[PDB]
Amino acid sequence: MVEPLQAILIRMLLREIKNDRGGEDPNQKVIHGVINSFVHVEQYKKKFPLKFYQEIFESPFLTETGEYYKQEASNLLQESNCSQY
């Protein structure tokens, strides 16, 4: 259910979080239930219970939030001085 849908779940999870960064408000409860499922799957793993959560979601998330704020950092500097930046 997750691994065959990995290429479509985090493809649009990063879309709705990026939609949240744009200003609009997505469904909070649905989002948090999906993300918490990624760590609750491995609740029986004695070692590395967050390994699935990091490798499937967090690492694509940090990469996505990396090229978004770098896009945002270059967006703010054009029309804002350091006083308001």
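In the entry's author numbering, each residue's number is its place in the sequence shown (first place is 1) plus 150. Backbone N, C-alpha and C define an ideal beta-carbon position, used for all residues, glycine too.
For residue i and residue j, what's the separation of their Cα atoms in angstroms?
i, j, result
"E214", "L163", "11 Å"
"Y235", "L227", "7 Å"
"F198", "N225", "38 Å"
"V180", "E174", "15 Å"
"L212", "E205", "11 Å"
"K195", "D170", "32 Å"
"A223", "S230", "11 Å"
"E153", "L200", "15 Å"
Indicate whether residue i and residue j have their beta-carbon atoms separated by less than 7 Å.
i, j, result
"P176", "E166", "yes"
"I160", "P210", "yes"
Contact check, residue i vs residue j under 8 Å by CB: the rounded distance?
i, j, result
"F207", "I185", "7 Å"
"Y219", "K168", "Not a contact, Cβ separation roughly 11 Å."
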